[PDB]
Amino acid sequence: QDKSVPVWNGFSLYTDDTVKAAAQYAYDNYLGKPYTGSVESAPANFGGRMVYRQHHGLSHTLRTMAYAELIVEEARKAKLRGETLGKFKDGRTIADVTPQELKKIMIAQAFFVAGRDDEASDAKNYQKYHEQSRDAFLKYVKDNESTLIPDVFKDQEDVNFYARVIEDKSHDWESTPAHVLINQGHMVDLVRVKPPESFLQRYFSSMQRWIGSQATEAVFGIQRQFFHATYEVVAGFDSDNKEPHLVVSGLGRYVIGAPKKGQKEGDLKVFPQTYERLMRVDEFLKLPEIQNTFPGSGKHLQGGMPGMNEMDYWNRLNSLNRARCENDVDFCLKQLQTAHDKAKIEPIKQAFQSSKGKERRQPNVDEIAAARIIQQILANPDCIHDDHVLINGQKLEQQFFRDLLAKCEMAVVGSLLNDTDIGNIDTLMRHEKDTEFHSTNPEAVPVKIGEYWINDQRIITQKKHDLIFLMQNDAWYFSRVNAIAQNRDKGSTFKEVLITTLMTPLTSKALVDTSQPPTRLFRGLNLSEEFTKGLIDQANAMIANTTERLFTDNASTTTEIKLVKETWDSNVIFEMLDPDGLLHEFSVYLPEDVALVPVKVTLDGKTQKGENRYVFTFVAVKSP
């Protein structure tokens, strides 16, 4: 209809085993094998590990497939927003593509560049290489037709059609979702290596013809994330760049003329000039036909990773993770899956005004000093003596540590302490083995803290828990500890006061670190088709009005899926995602200013009752 799209059946690049197996067969036999040609065919090296096809490799192929999924999601979102989309000759748009088609498209995509022998750019070798890619695709489907021809494909005609797409011969083009999606997914992955403003502009326009401005901005903003995730160079964008504007369609140029205005819309190639210069980029972006159609005209985008400098970025691109993306199907698919799922949630957070955060006062100078001293004594217990601890030229007596407890909030002292101090507790106890520790009970037998500790502690986070144990149980210990924090009138071993001051903050840190809801929950519902269709419409309308921006702008819940799907046989599952911890069998409670925002709607037709079940995914966000 005008804005009606069928529900998605849960097919995804990252979850489908058939697409995964296709990608694997392509890596085990074509990609990842050394180029047999001679043009830029030498294997690169990242973090010591080899990558034989840095361009047109596994990462590139998986990225094109991710792009296909992304385009279809955003085009359906656009059609739901009401926007009009570009139509094939069928009259259909991208939003009318079915998962049965996207799956075949991805299987084909996996082999698009599998037939390459090097990175030659001539037309003859392009034709040869894509013929070989076609041959590889047909090899795969013929060797596995018992599992593919009836289920994922239909007959040999369908297979031959997608093979014709891969061959990409001019006289075989057809305005179909396969041709267009494969073409766009392959071309848009060249943003890594290019006058990046010119290329971004032409690609953005080519795709805006199909899915619109919103969807296009979303696709590219999320492509930046796919690059980050696969450890690839994310390009920049400078609307004030003064270098010559390149006319991608023809590798031409615009001469500005000498008059100020350019020629009669024409572009030049290898044209000598009369000092007459080449048009620069910013001049091209300022144009009326550009600044009034292309977003980003007048805006800029930074270079690489925001939260790091040049050198950390370098070490991130030349890491072993780059070689793992290009060499392991599972690893790269998981990187892209994580990033694509996070891209569905971050726009929502960025949208609503973030809930005012908690305010904490910064540590006092005395507390900083206390933390440093405690850290030092834990790192080198040699300075510990009978009636004092002498470190860096000062002798610290008992009254000093007592004044420390009096002046400092030992919780915010513990905050300044790290896990290395926890680890150094063992060294302290190894130095203070024979040290006797009394109790507030006069008739009690002294205890050797060091001995008991190092005896119990053998082969860690457990170390914190045991540290809590000693404080919760063992009266002989917490009696003295609590009685030192507040003033007591008992036989004060200097080491008693010392170990008190050292353990108190570390124990507080242990409590803080151990006290830290579930990430994913499931609500079961048995709804009638009326309600469920209403919910689909409302959700679809909510998810459609939230896009990644590049330039512009009750208790019936569980955690076991077999419980809501098989035991309960629910017609409707609310999948609630709580990765920021805002939600309080099991129970659930939604605070006043914590809401669930729909993110996705899925269809599983297998309720034993006989009807379809719908999975409404959600995320919890705090904002009034």
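Start at 1 and count along the sequence shown; that's the residue number.
Counting the unmodelled positions of the deposited sequence between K194 and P195 gives a small gap of 1 to 3 residues. A chain break between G257 and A258 is present, corresponding to 4 to 9 residues of the deposited sequence without coordinates. When the two stretches 556 to 564 and 62 to 70 are set side by side, the higher mean Cα temperature factor goes to 556 to 564. A summary of the deposited B-factors shows that, of 535 to 543 and 378 to 386, the stretch with the larger mean C-alpha value is 378 to 386. The entry assigns its greatest Cα B factor, within the set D513, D90, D341, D135, to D513. Each of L181, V233, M308, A229 has a CA temperature factor in the record; the biggest one is found at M308. When the modelled residues of the chain are ordered by their C-alpha B factor, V597 lands in the middle third. Split the chain's modelled residues into thirds by C-alpha temperature factor. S239 is in the highest one. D28: CA B factor in the lowest third of modelled residues in this chain (values from the PDB entry). Annotation for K606: CA B-factor lies in the highest third of the chain's modelled residues. Per-chain ranking of the deposited C-alpha B factor places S587 in the highest third.
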